[PDB]
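Let me begin by presenting the structure, written as structure tokens, before commenting on it.
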Amino acid sequence: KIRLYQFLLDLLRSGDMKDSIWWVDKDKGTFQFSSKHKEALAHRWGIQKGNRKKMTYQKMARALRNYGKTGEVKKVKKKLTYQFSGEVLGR
DNA sequence: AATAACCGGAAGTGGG
DNA sequence: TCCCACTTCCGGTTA
Ligand code: NA
Ligand code: NA
Ligand code: NA
């Protein structure tokens, strides 16, 4: 099963949901969600996973917070903005 | 108030 | 047994 950080990186590479997520500085790996269109992206994550309940941005962000310690994705001090690690970006 | 971003402890689910 | 990688629940805080 695909991991959440990989799902997001794949979307950014494909450009399939450009109204919901975008790079801020791709060289640094920083990216940002749309305030008004993030829920559609969260719904897609839950359906891809086959989860029992509808996925929400809140639940997806709760999962994202767990990456802070291990480092794959860290929150940036800008609205709805996060940063992938160099390791995630290189693989 | 209404709206929304941000936080995380804890218990539940999946697939090893 | 017991960790993976989240998911779900419940709720609090800040702008
Ligand atoms: Na527990
Ligand atoms: Na409640
Ligand atoms: Na604000």
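Convention: sequence-line order gives letters A, B, ...; per-chain numbering from 1. Note that these values count all heavy atoms, side chains included, but never hydrogens, waters or copies made by symmetry.
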Would you state whether a donor and an acceptor, one from the side chain of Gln58(A) and one from the base of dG12(C), lie under 3.5 Å apart?
no
Distance-only donor-acceptor test (3.5 Å): side chain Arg52(A), base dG14(B)
no
Mind calculating the distance between [atom1] ([X]) and [atom2] ([N]) to the nearest angstrom?
X        : N       : atom1 : atom2 : answer
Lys53(A) : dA11(B) : NZ    : P     : 19 Å
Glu39(A) : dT3(B)  : CD    : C1'   : 13 Å
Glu72(A) : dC4(C)  : CD    : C1'   : 12 Å
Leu8(A)  : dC6(C)  : CG    : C1'   : 13 Å

Regarding [X], tell me which of base, sugar-phosphate or nothing describes its non-hydrogen contacts under 4.0 Å with the strands shown.
X        : value
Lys77(A) : nothing
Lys78(A) : sugar-phosphate
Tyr67(A) : sugar-phosphate
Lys79(A) : sugar-phosphate

What orientation do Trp23(A) and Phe31(A) show, parallel under 30°, tilted 30 to 60°, or perpendicular over 60°?
perpendicular
Can you measure from OG1 (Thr56(A)) to CZ (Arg62(A)) and round to the nearest 0.5 angstrom?
12.0 Å
At less than 4.0 Å, is any side-chain N or O atom of [X] found next to OP1 or OP2 of [N]? Yes or no.
X        : N      : result
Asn66(A) : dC6(C) : no
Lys54(A) : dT8(C) : no
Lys59(A) : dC9(C) : no
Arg3(A)  : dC6(C) : yes
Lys49(A) : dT7(C) : yes
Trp45(A) : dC6(C) : no

Selected nucleotide, minimal atom distance to [X] side chain, candidates [options]:
X        : options                 : result
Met55(A) : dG11(C), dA5(B), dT8(C) : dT8(C)
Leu80(A) : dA5(B), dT7(C), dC9(C)  : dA5(B)
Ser35(A) : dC6(C), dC7(B), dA5(B)  : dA5(B)

Check for me, please, whether [X] and [Y] land in the same ILVMFWY cluster - side-chain distances under 4.5 Å, paths through other members count.
X        : Y        : value
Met60(A) : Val76(A) : no
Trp22(A) : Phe7(A)  : no
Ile2(A)  : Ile21(A) : yes

May I ask which nucleotide in the shown strands pairs with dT13(C), Watson-Crick or G-U wobble, both distances under 3.5 Å?
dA5(B)
Checking base pairs now: Watson-Crick or wobble, both atom distances under 3.5 Å. What partners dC4(C)?
none
